[PDB]
Amino acid sequence: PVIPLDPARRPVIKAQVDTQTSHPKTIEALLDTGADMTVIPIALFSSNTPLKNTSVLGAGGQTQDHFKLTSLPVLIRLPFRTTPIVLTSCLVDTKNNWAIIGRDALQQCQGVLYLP
Amino acid sequence: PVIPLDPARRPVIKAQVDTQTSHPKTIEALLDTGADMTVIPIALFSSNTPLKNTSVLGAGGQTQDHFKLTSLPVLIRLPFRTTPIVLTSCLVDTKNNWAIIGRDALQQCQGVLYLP
Amino acid sequence: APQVXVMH
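See the structure below:
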């Protein structure tokens, strides 16, 4: 689909995310061409998942605390597709503020930006 | 122009920014569907322009200090376009780190995302 | 680091 861009309405989609640590779950994710990597909430993961420490650069500078990296790939299915996006690793928001489909995932579903 | 999305290559554009406090300058800016509003480096504004306190939420959480809000509109012209984007307000990076074209600007471009 | 981008 074609998603218009509007400051007042964030471009979000429903996605089914399988972390391979518990059953696949539905999230609402922000479509973000400014994210190098996809971010999913830590709430998706079972209690004893090994997640790696990582740094992430965002608006207010570098954060060491907020994000971990998955050890296993994450599979993501978008509304009308059976074929999953498979990301070798993705960021995990330890604060559960963010679900963001970034350019890693958008690349796999051949998503583009179009400016007339 | 179609802009393919690739985690390894940030989607950037050259944009001429007119803060109306100084001579316009052309900068390289990130095309960012996950940005509510556009961000301009504080280095593009004259020393001692009035700038408003503001809070911004990003990957490291909320910052009170890092960004100001402009007092005057900011006009932005893209390659090969005469008509400016006119932003009532936008964010100002006091750390000179970021130039980000957000959905406020993208809406005026009539830019869209396309997921096949 | 990966970059991830801005909300008000």
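Residue numbers (the authors' numbering), protein chains in the order written: chain F, 1 to 116; chain E, 1 to 116; chain K, 402 to 409.
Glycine included, C-beta positions come from ideal geometry on N, C-alpha and C.
What is the rounded straight-line gap between the Cα of residue i and the Cα of residue j?
{"i": "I101(F)", "j": "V17(F)", "result": "11 Å"}
{"i": "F45(E)", "j": "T38(E)", "result": "15 Å"}
{"i": "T33(E)", "j": "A105(E)", "result": "10 Å"}
{"i": "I3(F)", "j": "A43(E)", "result": "33 Å"}
{"i": "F80(F)", "j": "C109(F)", "result": "12 Å"}
{"i": "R10(F)", "j": "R103(E)", "result": "9 Å"}
{"i": "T82(E)", "j": "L5(E)", "result": "27 Å"}
{"i": "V405(K)", "j": "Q107(F)", "result": "16 Å"}
Short of 7 Å in beta carbon distance, which residues of its chain neighbour residue i, apart from the five on each side in sequence? Order them along the chain.
{"i": "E28(E)", "result": "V12, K14 and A99"}
{"i": "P84(F)", "result": "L75, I76 and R77"}
Excluding sequence positions up to five away, which residues of its chain have a Cβ less than 6 Å from the Cβ of residue i?
{"i": "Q20(F)", "result": "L72"}
{"i": "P24(F)", "result": "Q16 and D18"}
{"i": "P7(E)", "result": "none"}
With a cut-off of 8 Å on the beta carbons, I'd call residue i and residue j a contact; round off their distance for me.
{"i": "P1(E)", "j": "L87(F)", "result": "About 27 Å separates the two Cβ atoms, so there is no contact after all."}
{"i": "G111(F)", "j": "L113(E)", "result": "6 Å"}
Between the Cα of residue i and the Cα atoms of the options, which residue gives the shortest distance?
{"i": "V56(F)", "options": "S22(F), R81(F) and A35(F)", "result": "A35(F)"}
{"i": "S47(E)", "options": "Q62(E), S22(E), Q110(E) and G60(E)", "result": "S22(E)"}
{"i": "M408(K)", "options": "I85(E), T63(E), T83(E) and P4(E)", "result": "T63(E)"}
{"i": "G58(F)", "options": "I85(E), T82(E) and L30(E)", "result": "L30(E)"}
For residue i, which residues of its own chain have a beta-carbon under 8 Å away from its beta-carbon, when the five flanking residues on both sides are left out?
{"i": "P41(E)", "result": "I27, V92, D93, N96, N97, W98 and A99"}
{"i": "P403(K)", "result": "none"}
- prompt: Within the chosen definition, does the region 92-101 of chain F reach the region 35-51 of chain F through at least 3 CB pairs nearer than 8 Å?
  reply: Verdict: yes, contact present.
query: Is there contact between the region 60-67 of chain E and the region 75-82 of chain E, where contact requires at least three CB pairs shorter than 8 Å?
result: Because the criterion of three Cβ pairs below 8 Å is not met, the region 60-67 of chain E and the region 75-82 of chain E do not touch.
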